[PDB]
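Take a look at this single chain in structure tokens; it is the form deposited in one PDB entry.
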């Protein structure tokens, strides 16, 4: 069986280094497992960080770096920032299929939840702002549909 394990949770502080690991049930992680690290932030925002063990995705900050250490794949965050608080997944390739680990919840101590935004360009802030209402309308529609599903057996009975 191909099972990928990660730490459940880790805590760091701003400017410090934290290492996340990814272990394989089949033995040592090698190049041939093409380890991929992915970050999940709130409302299902996934961002690829590292591919092919150690290749940083363009536009990903250089504090993230991937390696192989002690038969595992590793994501090192050298100089953690408050905005790095997130769930980190690793995926490994096993000949003919990809397997995801369970994710590591990274907590960063101290800080203010949206302080990172002040350093953004006004263009990026405007894009974020304009994307918000549609996203929240999508989430409301997901609720309406969840309820439609709950309602459906009753509606079917009315309409029989």
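We call the rigid core the largest set of C-alpha positions that still match within 1.5 Å between the two forms. Positions refer to the first chain, counted from 1.
Stretches compared: 49-57, 111-119. Higher mean C-alpha B-factor in the entry: 111-119.
A summary of the deposited B-factors shows that, of 135-143 and 18-26, the stretch with the larger mean C-alpha value is 135-143. Of the candidates 92, 106, 68, 130, it is 130 whose Cα B-factor is highest according to the PDB record.
When the CA B factors of the chain's modelled residues are split into thirds, the value for residue 160 lands in the highest one. When the CA B factors of the chain's modelled residues are split into thirds, the value for residue 80 lands in the highest one. Per the deposited record, the Cα B-factor of residue 1 falls in the highest third when ranked against the other modelled residues of its chain.
Just so it is clear, the following notes concern the form deposited in another entry, a form of the same protein that is not shown.
Residue 118: CA moves 2 Å or more between the shown form and the other one after rigid-core fitting. Once the cores line up, the CA of residue 152 ends up 2 angstroms or more apart between the shown form and the other one. The pair residue 80 and residue 124 is tighter in the other form: their Cα-Cα distance falls by no less than 3 Å compared with this form. Pairwise change in the other form: residue 106 and residue 135 C-alpha atoms lie closer than in the shown form, at least 3 Å.
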